[PDB]
Amino acid sequence: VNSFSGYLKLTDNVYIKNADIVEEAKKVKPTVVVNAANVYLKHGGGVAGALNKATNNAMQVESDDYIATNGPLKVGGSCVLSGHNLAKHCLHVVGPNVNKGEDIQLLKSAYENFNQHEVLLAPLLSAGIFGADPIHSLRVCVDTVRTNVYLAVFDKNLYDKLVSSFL
Ligand SMILES: O=C(O)[C@@]1(F)CN(c2cc(Nc3ccccc3)ncn2)CC12CCC2
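Calculation rules
- Residues numbered from 1 in each chain as written, not as in the entry; some residues may be left out.
- Heavy atoms only, no water.
- Buried < 20%, exposed > 50% of the residue type's maximum accessible area, 1.4 Å probe, protein only.
- Helix = DSSP H or I, 4+ residues; strand = E, 2+ residues; numbered from the N terminus.
- Arc of directions from axis to C-beta.
- Contact = heavy atoms within 4.5 Å.
- Near = heavy atom within 4 Å.
- Polar contact = N/O pair within 3.5 Å; in protein donor to acceptor, adjacent residues only side chain to side chain.
- Areas by Shrake-Rupley, 256 points an atom, 1.4 Å probe, with all protein chains shown as cover.
- Nonpolar A, V, L, I, M, F, W, Y, C, P; charged D, E, K, R; others polar.
- Pairing = 2+ DSSP bridges.
- Salt bridge = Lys/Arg side-chain N within 4 Å of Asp/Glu carboxyl O.

Header annotation of the entry names X-ray crystallography as the structure determination method and lists the resolution as 1.0500 Å.

K.L.:
Tell me about unusual backbone geometry, and name the residues and values.
P.N.:
For residues other than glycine, phi is negative in most cases, and the peptide bonds are mostly trans. Positioned with a positive phi, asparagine 57 is a non-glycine residue whose angle comes to about 75°. A relative accessible area of 37% places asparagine 57 in the partly exposed class. In this model, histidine 84 sits at a positive phi of 55°, which is unusual for a non-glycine residue. Its place among the elements puts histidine 84 in the loop between β4 (78-82) and β5 (89-94).

K.L.:
Run through helix α1 (residues 21-28), naming residues and quoting values.
P.N.:
Looking at α1, one finds that the buried residues are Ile21, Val22, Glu24, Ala25 and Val28. Each buried residue of α1 sits inside an arc of 165° when the element is viewed along its axis, so together they form one side. In this structure, the buried residues of α1 make contact with β2 (14-18), β3 (32-37), α2 (46-54), β6 (119-122) and β7 (148-153).

K.L.:
With reference to specific residues and values, describe the site of the ligand.
P.N.:
All residues adjacent to the ligand are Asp20, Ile21, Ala36, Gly46, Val47, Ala50, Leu124, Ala127, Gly128, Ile129, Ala152 and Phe154. In the model, a nitrogen atom of the ligand is placed 3.3 Å from a nitrogen or oxygen of the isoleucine 21 main chain. Here an oxygen atom of the ligand and a backbone polar atom of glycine 128 are 3.2 Å apart. Relative to its unbound accessible surface of 530 Å², the ligand loses 78% to contact with the protein. Residue composition of the shell around the ligand, grouped by class: nine nonpolar, two polar and one charged.

K.L.:
Requested: an account of the pairing of β6, with residues and values cited.
P.N.:
In the sheet, β6 pairs with β7 via four bridges, with the strands oriented parallel. Bridge pairing links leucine 120 to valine 149 in β7.

K.L.:
Just give me the short version of the pattern of salt bridges, but keep the residues and values in it.
P.N.:
One pass over the structure, following the stated rule, counts four salt bridges. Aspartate 143 is paired through a salt bridge with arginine 139; the nearest N and O atoms lie 3.0 Å apart. Taken as a pair, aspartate 143 and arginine 139 lie in helix α5 (residues 134-144) at a separation of four residues, close to a single helical turn. Given the relative accessible area of 48%, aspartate 143 is considered partly exposed. Measuring nitrogen to oxygen at the nearest pair gives 2.8 Å for the salt bridge that ties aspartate 160 to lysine 156. Of this pair, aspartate 160 and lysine 156 both sit in helix α6 (residues 156-164), four residues apart, roughly one helical turn. By relative accessible area, which is 34% here, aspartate 160 ends up partly exposed. For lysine 156, a relative accessible area of 45% gives the class partly exposed.

K.L.:
Let's hear about the pairing of β2: which residues, and what values?
P.N.:
Both faces of the sheet carry side chains from a regular strand, because those side chains alternate between them. By the criterion of burial, β2 is predominantly enclosed, with four of the five residues buried. Hairpin geometry of strand β1 (residues 8-9) and β2 is characterised by an intervening segment of four residues between the two adjacent antiparallel strands. Relative to β7, β2 is paired through five bridges, and the arrangement is parallel. Bridging from a neighbouring strand, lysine 17 pairs with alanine 152 of β7.

Printed below as a string of structure tokens:
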């Protein structure tokens, strides 16, 4: 038993809710919140900009030190950093950004990072400003992640569509 509430169960291990991931994180305080990161951990907009804003820019300060030490992430890769006031940990995962021409097949590699964590609160990778089809992203999530994932979808219209088209 865990503290996630109002989710619709899609599969054995994948759940989905129309929710603002920032507000869901602040309420649940999950062990892991997933950020929709880029390779530079520049949290300017989308989910990343919202998560970082909610930490009063502490996420960005920590991220800049991480990059100065380690260099950029790989597309499809991840790193674990602090969850600040939102979660114990933040798993920064880089989905391919279609608006940069990145290979969509890397979306499966991105979701594989979730399997290193027993339970996660996450957005749909490569959705939103990353330019992928959220329905494809949901399919890859379901077919790749084996651990327990609670998907927060900000847009109510999109949430309903994703549900109504789910196979
Ligand atoms: O749809 C997009 O463009 C996105 F940038 C934003 N989406 C969100 C967004 C969210 N809260 C939120 C984020 C920013 C402002 C207000 C609320 N909570 C969950 N998902 C997923 C996405 C990141 C990858 C695709």
